[PDB]
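Heads up, the thing below is written out as structure tokens.
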Amino acid sequence: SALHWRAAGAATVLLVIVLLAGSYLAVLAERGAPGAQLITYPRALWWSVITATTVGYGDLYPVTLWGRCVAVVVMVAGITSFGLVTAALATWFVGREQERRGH
Amino acid sequence: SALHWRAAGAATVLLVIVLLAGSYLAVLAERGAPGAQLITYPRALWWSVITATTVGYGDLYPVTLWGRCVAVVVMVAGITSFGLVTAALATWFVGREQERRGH
Amino acid sequence: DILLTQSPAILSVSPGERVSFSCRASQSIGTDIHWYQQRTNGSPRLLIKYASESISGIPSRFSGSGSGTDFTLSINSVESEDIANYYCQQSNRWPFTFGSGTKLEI
Amino acid sequence: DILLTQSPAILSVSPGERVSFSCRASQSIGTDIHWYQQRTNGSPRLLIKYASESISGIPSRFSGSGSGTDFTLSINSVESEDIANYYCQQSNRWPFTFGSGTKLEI
Amino acid sequence: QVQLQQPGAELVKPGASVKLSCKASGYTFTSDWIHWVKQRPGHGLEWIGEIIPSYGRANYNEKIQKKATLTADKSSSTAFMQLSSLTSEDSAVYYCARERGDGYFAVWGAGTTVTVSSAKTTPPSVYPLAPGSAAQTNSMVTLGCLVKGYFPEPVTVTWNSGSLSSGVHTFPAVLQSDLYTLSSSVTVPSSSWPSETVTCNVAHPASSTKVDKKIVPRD
Ligand SMILES: [K+]
Ligand SMILES: [K+]
Ligand SMILES: [K+]
Ligand SMILES: [K+]
Ligand SMILES: [K+]
């Protein structure tokens, strides 16, 4: 199995991990901050997804330094993962296009 | 070190710079506008990040011409940087895929 | 800090009659409200979770409803054993808070 | 322009007793509230920042709490030196504003 | 089984500190949070604080005077709450609870009644309560036991080791001269007694004492 496929495969795994970990850590970091809503795990996971995909609807978000730091890591991993998938696809199309040209 | 790596390296540096500068300038541009919230540096940096990643949760945003102009520069640099990283990855996968084919 | 207001503090009802307790949050909190029943000298016990979700072990007689700011805990056909104090509790914003409580008199 | 209401304007308390000043913003402002103490002929001095964060040099006796619209500045065991005027101040929206102030009488 | 075990009582002199516990059993997860709730007699429930055992962090109520300090022992699955420099104002029942990190208190401990007084502990004296030889009986007969001279609260009175629960009235304790006093009443078929034994079990957590007193007809 080529690397772009294997990497794309890994990116997925790590992303899911980042989501779970970021969910856990967001709660740990936000409880204790008056008025924070990112304090229960189920909605904390939803928040992590909507952040990683960059949808960010605005229903939930961190107010503390650490919550925002955790948030950045989720953002980055999310943009990179989906972005790496794009890389793999391009690589996939390139290879086959070369073949289609007899190369 | 190949260029896609070096460029991706630079893109990072410049992005962080754009965030810091955009944070500073957002405050300078928004204070003096009745009702504006993008007026303190720490939240101004958070705002810059959530803008650059394009998450934009809606908790903070510019109301003045200049604040919005600053905002656009942050958006562009952010989309370009993460986007250039995608470019480098594709380039990385392409090279290795060619080798895997004996080329 | 969300203020959960429970009024009236005491509710007199006749046997087998329907009763409804009220709990109003100072601000909107979706359906993040939990109801507890505490009998004389007894420890608090969960009745309804997230405004209307049932809980195992609890009688189908108990029901909940509402969203946003106004929540209601209902009981169809109240019997002697329902006598006790009732509290609502929000988990929408930190820190979690409790309503002052409503006593049920038969 | 956020209106910070401080009432009552004067608060009478007995020595060593607990006291709480109130400050309500016209609109929600997270925890962007700062409390200042100003003694007779003295210059304003920062006590609590961002609603509850302590400040070096200030006695552990002073505490803050609240979020959204209702904020409270607390003092455990008030002593002669706490006599002065107290002001809250918001930095959530431009321009920064000040509460009208509450005087502490012993 | 009882998910959360809490000591029955804790007598503390004004100015001293005490360390309450909360033994937890049953399923446990890294996302579990143990809350503490204060409730003074006749009043509502007050949130004191919380702590997450898996990580060890704890948060507190900013609207009240911090008197507690929470810690956790992962090996023994026990949560502790240190209360210091207490005063009568801190006299109340302190409940511990478990939240699966989803916002609600799924289970509560029985609670630890903490009393703040200089007075000394004192076990209760249980006296029987049988009818007078002139008292006429119906289809039912009323019996009981007198529990006086104990400190501090509380006490738990049961009949026939719990097997007898119907028709039982345990009256609130009355304080007089640094000592509490209360009685328990039990009604059963006139015929069933004294053929079928009737005993009152009186436990006093504060002193770690539990005595029994069989109720037999007067001589
Ligand atoms: K987006
Ligand atoms: K939004
Ligand atoms: K929004
Ligand atoms: K994109
Ligand atoms: K978006």
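To be explicit about the labels: the chains of the structure tokens are called A, B, and onward in the order shown, and within each one the residues are counted from 1, while ligands get numbers from 1 in the order they are shown.
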
Do a neighbour search on residue 62 in chain C at 12 Å with only C-alpha atoms, toss out local chain neighbours closer than 4 positions, and write the hits as a VMD selection string.
-> chain C and resid 18 to 21 35 to 37 46 to 49 51 to 58 72 to 79 82

May I have the selected residues written with C-alpha atoms, as a PDB file, in the first residue's frame?
```pdb
ATOM      1  CA  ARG C  18     -51.898  15.968  38.954  1.00  0.00           C
ATOM      2  CA  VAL C  19     -49.182  18.325  40.170  1.00  0.00           C
ATOM      3  CA  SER C  20     -46.498  20.428  38.493  1.00  0.00           C
ATOM      4  CA  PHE C  21     -43.414  22.019  40.037  1.00  0.00           C
ATOM      5  CA  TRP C  35     -34.718  17.069  38.951  1.00  0.00           C
ATOM      6  CA  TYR C  36     -34.121  15.523  42.359  1.00  0.00           C
ATOM      7  CA  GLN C  37     -36.423  14.171  45.057  1.00  0.00           C
ATOM      8  CA  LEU C  46     -32.332  11.703  40.610  1.00  0.00           C
ATOM      9  CA  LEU C  47     -35.764  11.648  38.962  1.00  0.00           C
ATOM     10  CA  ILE C  48     -35.446  13.166  35.496  1.00  0.00           C
ATOM     11  CA  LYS C  49     -32.312  14.006  33.554  1.00  0.00           C
ATOM     12  CA  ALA C  51     -35.404  18.020  31.340  1.00  0.00           C
ATOM     13  CA  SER C  52     -37.457  14.995  30.238  1.00  0.00           C
ATOM     14  CA  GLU C  53     -35.369  11.825  29.987  1.00  0.00           C
ATOM     15  CA  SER C  54     -36.661   9.029  32.223  1.00  0.00           C
ATOM     16  CA  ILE C  55     -34.466   7.187  34.724  1.00  0.00           C
ATOM     17  CA  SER C  56     -34.567   3.456  35.510  1.00  0.00           C
ATOM     18  CA  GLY C  57     -36.141   2.556  38.841  1.00  0.00           C
ATOM     19  CA  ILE C  58     -38.247   5.733  38.797  1.00  0.00           C
ATOM     20  CA  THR C  72     -41.683  21.710  34.717  1.00  0.00           C
ATOM     21  CA  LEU C  73     -41.612  18.491  36.734  1.00  0.00           C
ATOM     22  CA  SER C  74     -44.960  16.681  36.559  1.00  0.00           C
ATOM     23  CA  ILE C  75     -46.573  13.849  38.509  1.00  0.00           C
ATOM     24  CA  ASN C  76     -49.779  12.103  37.469  1.00  0.00           C
ATOM     25  CA  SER C  77     -51.889  10.927  40.406  1.00  0.00           C
ATOM     26  CA  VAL C  78     -49.818  11.941  43.435  1.00  0.00           C
ATOM     27  CA  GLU C  79     -49.684   9.441  46.299  1.00  0.00           C
ATOM     28  CA  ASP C  82     -44.408  11.471  46.636  1.00  0.00           C
TER      29      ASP C  82
END
```

Proximal residues of chain E relative to chain C (only C-alpha atoms; 6 Å) as an mmCIF file with C-alpha atoms, in the first residue's frame:
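Dumped to result_9.cif:
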```
data_model
loop_
_atom_site.group_PDB
_atom_site.id
_atom_site.type_symbol
_atom_site.label_atom_id
_atom_site.label_comp_id
_atom_site.auth_asym_id
_atom_site.auth_seq_id
_atom_site.Cartn_x
_atom_site.Cartn_y
_atom_site.Cartn_z
ATOM 1 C CA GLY E 44 -31.573 23.682 50.407
ATOM 2 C CA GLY E 103 -23.940 17.138 34.217
ATOM 3 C CA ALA E 110 -25.867 8.751 52.609
#
```

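Taking CA of residue 22 in chain B and CA of residue 84 in chain A as the two end points, the separation is 27.5 Å.
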
May I ask you to write as a list in words all residues lying at most 6 Å from ligand 1, with only C-alpha atoms and all ligand atoms counted?
-> residues 54 and 55 of chain A; 54 and 55 of chain B

Exercise answer, 9 Å around ligand 2 with only C-alpha atoms and all ligand atoms, as a PyMOL selection string | (chain A and resi 55-59) or (chain B and resi 55-59)

Residues near residue 69 in chain C, cut-off 9 Å, only C-alpha atoms, skip fewer than 3 positions along chain, as a list in words |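 Within the cut-off, the hits are residues 4, 23, 24, 25, 26, 27, 28, 29, 30, 31 and 66 of chain C.
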
Out of range 12-96 of chain B, which residues get helix (DSSP H, G or I) from DSSP, as a PyMOL selection string?
-> chain B and resi 12-30+41-52+65-96

For residue 2 in chain A: contacts at 10 Å, only C-alpha atoms, fewer than 5 positions along chain excluded, given as a PyMOL selection string | (chain A and resi 7+88+92) or (chain B and resi 93+96-97+100)

Since we have the selection now, will you write its residues out, keeping C-alpha atoms, as a short mmCIF file (atom, residue, chain, number, x, y, z; two decimals), in the first residue's frame?
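And here's part.cif as it stands now:
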```
data_model
loop_
_atom_site.label_atom_id
_atom_site.label_comp_id
_atom_site.auth_asym_id
_atom_site.auth_seq_id
_atom_site.Cartn_x
_atom_site.Cartn_y
_atom_site.Cartn_z
CA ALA A 7 -0.53 8.29 5.76
CA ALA A 88 -3.14 11.73 -1.23
CA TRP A 92 -3.62 9.18 -6.72
CA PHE B 93 3.76 11.94 -1.69
CA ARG B 96 8.02 8.92 -3.08
CA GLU B 97 5.30 7.45 -5.29
CA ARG B 100 7.96 3.30 -5.56
#
```

Which chain A residues are at most 7 Å from chain E (counting only C-alpha atoms), as a PyMOL selection string?
-> chain A and resi 32+40-41

May I have all residues of range 2-92 of chain C that DSSP, computed from the backbone, assigns to strand (DSSP E or B), given as a CSV table (one decimal) with N, CA and C atoms, in the first residue's frame?
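Final output, saved to selection_37.csv:
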```csv
chain,number,residue,atom,x,y,z
C,4,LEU,N,-31.6,29.5,39.5
C,4,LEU,CA,-32.8,28.7,39.2
C,4,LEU,C,-33.8,29.0,40.3
C,5,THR,N,-34.9,29.6,39.8
C,5,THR,CA,-36.0,30.0,40.7
C,5,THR,C,-37.1,28.9,40.8
C,10,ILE,N,-44.0,25.8,48.3
C,10,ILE,CA,-44.8,24.7,48.9
C,10,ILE,C,-46.0,24.5,47.9
C,11,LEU,N,-46.3,23.2,47.7
C,11,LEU,CA,-47.4,22.9,46.8
C,11,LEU,C,-48.4,21.9,47.4
C,12,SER,N,-49.6,22.3,47.7
C,12,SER,CA,-50.6,21.5,48.3
C,12,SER,C,-51.5,20.8,47.2
C,19,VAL,N,-49.9,17.2,39.6
C,19,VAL,CA,-49.2,18.3,40.2
C,19,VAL,C,-48.0,18.7,39.3
C,20,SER,N,-47.6,19.9,39.3
C,20,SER,CA,-46.5,20.4,38.5
C,20,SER,C,-45.6,21.4,39.3
C,21,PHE,N,-44.3,21.1,39.3
C,21,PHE,CA,-43.4,22.0,40.0
C,21,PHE,C,-42.8,22.9,39.0
C,22,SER,N,-42.4,24.1,39.3
C,22,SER,CA,-41.8,25.0,38.4
C,22,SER,C,-40.4,25.4,38.7
C,23,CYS,N,-39.6,25.6,37.7
C,23,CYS,CA,-38.2,26.0,37.9
C,23,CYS,C,-37.8,26.9,36.7
C,24,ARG,N,-37.4,28.1,37.0
C,24,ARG,CA,-37.1,29.1,35.9
C,24,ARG,C,-35.6,29.5,36.1
C,25,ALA,N,-34.8,29.3,35.0
C,25,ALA,CA,-33.4,29.7,35.1
C,25,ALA,C,-33.3,31.2,34.7
C,33,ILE,N,-31.3,20.5,32.4
C,33,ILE,CA,-31.9,20.6,33.8
C,33,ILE,C,-32.2,19.2,34.4
C,34,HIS,N,-31.9,19.0,35.6
C,34,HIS,CA,-32.1,17.7,36.3
C,34,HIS,C,-32.9,17.9,37.6
C,35,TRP,N,-33.8,17.0,37.8
C,35,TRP,CA,-34.7,17.1,39.0
C,35,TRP,C,-34.4,16.0,40.0
C,36,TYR,N,-34.4,16.4,41.3
C,36,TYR,CA,-34.1,15.5,42.4
C,36,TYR,C,-35.2,15.5,43.4
C,37,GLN,N,-35.4,14.3,44.0
C,37,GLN,CA,-36.4,14.2,45.1
C,37,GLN,C,-35.7,13.8,46.4
C,38,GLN,N,-36.0,14.6,47.4
C,38,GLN,CA,-35.4,14.3,48.7
C,38,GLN,C,-36.5,14.2,49.8
C,45,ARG,N,-32.3,12.1,45.4
C,45,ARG,CA,-32.4,11.1,44.3
C,45,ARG,C,-32.8,11.6,43.0
C,46,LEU,N,-32.1,11.2,42.0
C,46,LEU,CA,-32.3,11.7,40.6
C,46,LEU,C,-33.7,11.2,40.1
C,47,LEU,N,-34.5,12.0,39.5
C,47,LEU,CA,-35.8,11.6,39.0
C,47,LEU,C,-35.8,11.7,37.4
C,48,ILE,N,-35.5,12.9,36.9
C,48,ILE,CA,-35.4,13.2,35.5
C,48,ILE,C,-34.1,13.8,35.1
C,49,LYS,N,-33.6,13.4,34.0
C,49,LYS,CA,-32.3,14.0,33.6
C,49,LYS,C,-32.6,14.8,32.3
C,53,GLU,N,-35.8,13.2,30.1
C,53,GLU,CA,-35.4,11.8,30.0
C,53,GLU,C,-35.7,11.1,31.3
C,62,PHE,N,-43.8,9.9,37.1
C,62,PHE,CA,-43.0,11.1,37.0
C,62,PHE,C,-42.6,11.5,35.5
C,63,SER,N,-42.7,12.8,35.2
C,63,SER,CA,-42.4,13.3,33.9
C,63,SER,C,-41.9,14.7,33.9
C,64,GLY,N,-41.1,15.1,32.9
C,64,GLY,CA,-40.5,16.4,32.9
C,64,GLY,C,-40.8,17.1,31.5
C,65,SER,N,-40.6,18.4,31.5
C,65,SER,CA,-40.9,19.1,30.2
C,65,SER,C,-40.4,20.5,30.3
C,66,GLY,N,-40.1,21.1,29.1
C,66,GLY,CA,-39.6,22.4,29.0
C,66,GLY,C,-38.3,22.6,28.3
C,67,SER,N,-37.9,23.8,27.9
C,67,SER,CA,-36.7,24.1,27.3
C,67,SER,C,-36.4,25.6,27.4
C,70,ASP,N,-38.0,28.1,31.2
C,70,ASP,CA,-39.1,27.5,32.0
C,70,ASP,C,-39.2,26.0,32.0
C,71,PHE,N,-38.9,25.4,33.1
C,71,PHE,CA,-39.0,23.9,33.2
C,71,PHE,C,-40.1,23.4,34.2
C,72,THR,N,-40.6,22.3,33.9
C,72,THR,CA,-41.7,21.7,34.7
C,72,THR,C,-41.5,20.2,35.0
C,73,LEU,N,-41.7,19.9,36.3
C,73,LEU,CA,-41.6,18.5,36.7
C,73,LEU,C,-43.1,18.1,37.1
C,74,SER,N,-43.6,17.1,36.3
C,74,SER,CA,-45.0,16.7,36.6
C,74,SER,C,-45.1,15.3,37.2
C,75,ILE,N,-46.2,15.1,37.9
C,75,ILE,CA,-46.6,13.8,38.5
C,75,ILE,C,-48.1,13.6,38.3
C,84,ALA,N,-42.3,15.0,49.8
C,84,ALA,CA,-40.9,15.3,49.9
C,84,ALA,C,-40.6,16.6,49.3
C,85,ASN,N,-39.3,17.0,49.3
C,85,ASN,CA,-38.8,18.3,48.7
C,85,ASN,C,-38.3,17.9,47.3
C,86,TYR,N,-38.5,18.8,46.3
C,86,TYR,CA,-38.0,18.7,45.0
C,86,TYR,C,-37.1,19.8,44.5
C,87,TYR,N,-36.0,19.4,43.9
C,87,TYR,CA,-35.0,20.4,43.5
C,87,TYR,C,-34.6,20.2,42.0
C,88,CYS,N,-34.4,21.3,41.3
C,88,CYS,CA,-34.0,21.3,39.9
C,88,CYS,C,-32.5,21.7,40.0
C,89,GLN,N,-31.7,21.4,39.0
C,89,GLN,CA,-30.3,21.6,38.9
C,89,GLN,C,-29.8,21.8,37.5
C,90,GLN,N,-29.1,22.9,37.3
C,90,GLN,CA,-28.6,23.1,35.9
C,90,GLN,C,-27.1,22.7,35.7
```

Which chain A residues are at most 6 Å from chain C (counting only C-alpha atoms), as an MDAnalysis selection string?
-> chainID A and resid 34:37

Tell me the residues of chain A close to chain B, meaning within 9 Å using only C-alpha atoms, as a ChimeraX atom specification.
-> /A:2-4,50-61,65,68,72,75-76,79-80,83-92,94-95

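Straight-line separation from CA of residue 193 in chain E to CA of residue 138 in chain E: 12.1 Å.
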
Pick the closest to chain C from D:16, D:59, D:8, D:68: which is it, counting only C-alpha atoms?
-> D:68
